[PDB]
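Only one structure is covered here, and it is reproduced in the block below.
Coordinate-derived values only; no laboratory data. Cβ placement follows ideal geometry from the backbone for every residue including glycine, while neighbour counts extend to all protein chains displayed.
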Amino acid sequence: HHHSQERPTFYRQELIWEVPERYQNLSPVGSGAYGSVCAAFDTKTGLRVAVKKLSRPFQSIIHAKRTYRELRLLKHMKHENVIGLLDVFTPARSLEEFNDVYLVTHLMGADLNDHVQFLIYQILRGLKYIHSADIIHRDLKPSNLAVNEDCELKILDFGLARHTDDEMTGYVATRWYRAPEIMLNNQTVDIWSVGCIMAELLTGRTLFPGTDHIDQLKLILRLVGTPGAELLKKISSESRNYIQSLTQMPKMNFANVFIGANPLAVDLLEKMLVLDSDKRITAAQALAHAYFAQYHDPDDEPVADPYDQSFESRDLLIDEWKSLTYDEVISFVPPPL
Ligand SMILES: CC(C)(C)c1cc(NC(=O)Nc2cccc(Cl)c2Cl)n(-c2ccccc2)n1
């Protein structure tokens, strides 16, 4: 139980959104099987916002756990370079009516598809924090990075679509950013994604635009070379055979792929796009790279509070996922304005 369940504030428009009256000028910006997002203006704060209506949130156990997972995640994220919950709400007046979940954050200028140094810095700073609470993103791409007027950035995950091999969001494949260990076979799988993003920011074009999985690898290997002895041993799936059988190609001079770029940037990209994930540079290491010397401050790059995700192992009924989420909705307190 919550104030709003006594305050007749909810109105209804089809776009079928029931939201408090503080939230006006709703405007669709994206949709999928898992929910919808509108921009809107909040008359209470005076600022512009986004709102996600989860779709049929307690209809299946997938949706139900997923709903709870996202809300728990966003309620924990308190970092400038990570999406933060401004509000969570439901038209429900009690648990018996609790059927829809709505989350509210800042609307940041647009998204992404010395400004590159600043953006990348911000991405890694947010990634250090995500990774420190033992969350891997898994789907970093330009459309999951929101930016404002001042090139001030926030990592997010729209999460509207079912994750599939051939997934698409606008005119971009998800596989273009996939760490090749996933595609084929640690937390640095996000770092692979970061490096492909930084390449795109420097050149204006996609680093690895594969048609399909074999094309993608050939394009990756074209850039960074075929694997050495050590990486091959660590690949546990015998069919290892396939990449070992590939004619050895030499890594390119990254300097002449990224013509004119800061030498430091090119050096950082090399340390990001290493095939062997035990040797790829981590978010915390990469912030201390000299490329960011004008932004780096280790003490203003915090890690997260311990994140209790013991729920991930639990086999719960839908209604327990629902009732666990209800508590989280009803106890949500907005961040200090
Ligand atoms: C912490 C991080 C890993 C970056 C993350 C962030 C999100 N969720 C989001 O980014 N959600 C989101 C995106 C755009 C606009 C709006 Cl209003 C929302 Cl609520 N999720 C998420 C979790 C579970 C399902 C879907 C999304 N995960």
- Note on the structure: Output for the chain (equivalent-ellipsoid semi-axes, sqrt of 5λ from the C-alpha gyration tensor, Å, descending) is 39, 23, 18
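Among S60, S55, what is the fewest-to-most ranking by other Cβ atoms within 10 Å? Show your work: numbers first, answer last.
Details: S60 11, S55 17.
So the ranking, lowest neighbour count to highest, is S60, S55.
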- Report the residues of the stretch 153-189 in range of a label on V29: point 7 Å along Cα→C-beta, backbone N strictly under 14 Å from it. 153-160
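Given +1 on the Cβ of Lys and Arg, -1 on the Cβ of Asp and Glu, and no further charges, what dipole in debye does the stretch 110-303 carry about its Cα centre, rounded to the nearest 20? Walk me through the numbers before you get to the answer.
Working: 18 positive and 26 negative charges, 152 e Å.
Using Cβ point charges on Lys, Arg, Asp and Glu, the stretch 110-303 gives about 740 debye.
With a cap of 13 neighbouring Cβ atoms within 10 Å, and only residues DSSP puts in a loop, list the trypsin sites (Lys or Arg not before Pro) found in the stretch 26-62.
On the way: sites: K44, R48, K52, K53; in loops: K44.
Of the trypsin sites (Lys or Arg not before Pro), the ones in loops of the stretch 26-62 whose Cβ has at most 13 other Cβ atoms within 10 Å are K44.
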- Message: Can you pull out the GluC sites (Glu not before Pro) in the stretch 36-109 whose DSSP state is coil and whose Cβ has at most 14 other Cβ atoms within 10 Å?
- Response: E80
- Can you give the % of DSSP beta bridges in the chain that are antiparallel, to the nearest 5? 95
- So for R0 = 41 Å, FRET eff. of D267-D308 from the Cβ-Cβ r, to 0.05, ends up at 0.60
- Note on the structure: Charge dipole of the stretch 141-296 built from unit charges on the beta carbon (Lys, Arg +1; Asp, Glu -1), centred at mean Cα; most positive-end Cα among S193, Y177, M252 is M252
- Message: Translational diffusion coefficient of the stretch 102-150 at 10 °C, 1.306 mPa s, Stokes-Einstein with Kirkwood Rh over Cα pairs, in µm²/s as a whole number.
- Response: 130
- Message: If Rh is defined by the Kirkwood formula over all Cα pairs and Rg also comes from Cα, what ratio Rg/Rh do you get for the stretch 128-239?
- Response: 0.97
- Note on the structure: Here, trypsin sites (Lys or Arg not before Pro) of the stretch 254-319 satisfying both criteria (DSSP loop; at most 12 other Cβ within 10 Å) are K279, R314
- Rg followed by Dmax, in Å, when the stretch 110-303 is reduced to its Cα trace: 16.3, 50
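Summing +1 for each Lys or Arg and -1 for each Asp or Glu, what net charge is found among the other residues whose Cβ lies under 13 Å from the Cβ of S313? Kindly include the intermediate steps, with their values, before the conclusion.
On the way: positive: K65, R69, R314; negative: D308, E312, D315.
Computed value for this residue: 0.
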- Cross-link partners among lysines for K218, C-alpha distance below 19 Å, same-chain residues fewer than 8 apart left out? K251
